[PDB]
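Enquirer:
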Amino acid sequence: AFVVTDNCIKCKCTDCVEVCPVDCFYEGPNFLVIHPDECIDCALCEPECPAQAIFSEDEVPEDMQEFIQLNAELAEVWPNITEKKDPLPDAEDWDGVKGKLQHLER
Ligand code: SF4
Ligand code: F3S
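Residue numbers (the authors' numbering): 1 to 106.
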């Protein structure tokens, strides 16, 4: 499965949803997650993230391993998103900044 990690938080560009064939992205107030049992590992979303927050599960950075289980869990409670929308208002302010996990809204 692929994994949305820290830099999506407070950016939420949603460009990634355009290319998923199986529609497995689920939407939070200020983050997206990939449903691990639905992702077919086509790797198509990851060139599309402007914030470069998507990784193959096995390539998720050591310091961002928490995101793997987070994606699994929130994928059960969040709504499915299928169309691209506007990025969060302050997206480019928050892009490239580290430790945005602290601001995750559920
Ligand atoms: S690897 Fe493919 S199936 Fe998975 S979330 Fe990405 S675009 Fe979708
Ligand atoms: S910022 Fe997030 S909404 Fe997608 S386009 Fe990137 S994983």
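Note that beta-carbon positions come from the ideal geometry of N, C-alpha and C, so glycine has one too.
Pairing CB atoms from the region 15-30 with CB atoms from the region 60-70, are three or more of them under 8 Å?
Expert: These segments do not touch.
Enquirer: Which residues mark the beginning and the end of the beta strand (DSSP E) in which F67 is found?
Expert: Numbered from its first residue, the sequence shown carries residue 67 at position 67. Premise fails: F67 lies in the alpha helix (DSSP H), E66 to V77, not in any beta strand (DSSP E).
Enquirer: By the three-class DSSP mapping on this structure, what secondary structure does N7 have?
Expert: Along the sequence shown, read from residue 1 onward, the residue named residue 7 stands at position 7. Helix.
Enquirer: In the DSSP output, what is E38 paired with across the bridge?
Expert: Within the sequence shown, numbered from 1, the residue matching residue 38 stands at position 38. Per DSSP, none; premise fails for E38.
Enquirer: Have a look at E27, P47 and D15 and flag the residue whose alpha-carbon is nearest the alpha-carbon of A75.
Expert: If you number the sequence shown from 1, residue 75 lands on position 75. Nearest of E27, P47 and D15 to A75, Cα basis: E27.
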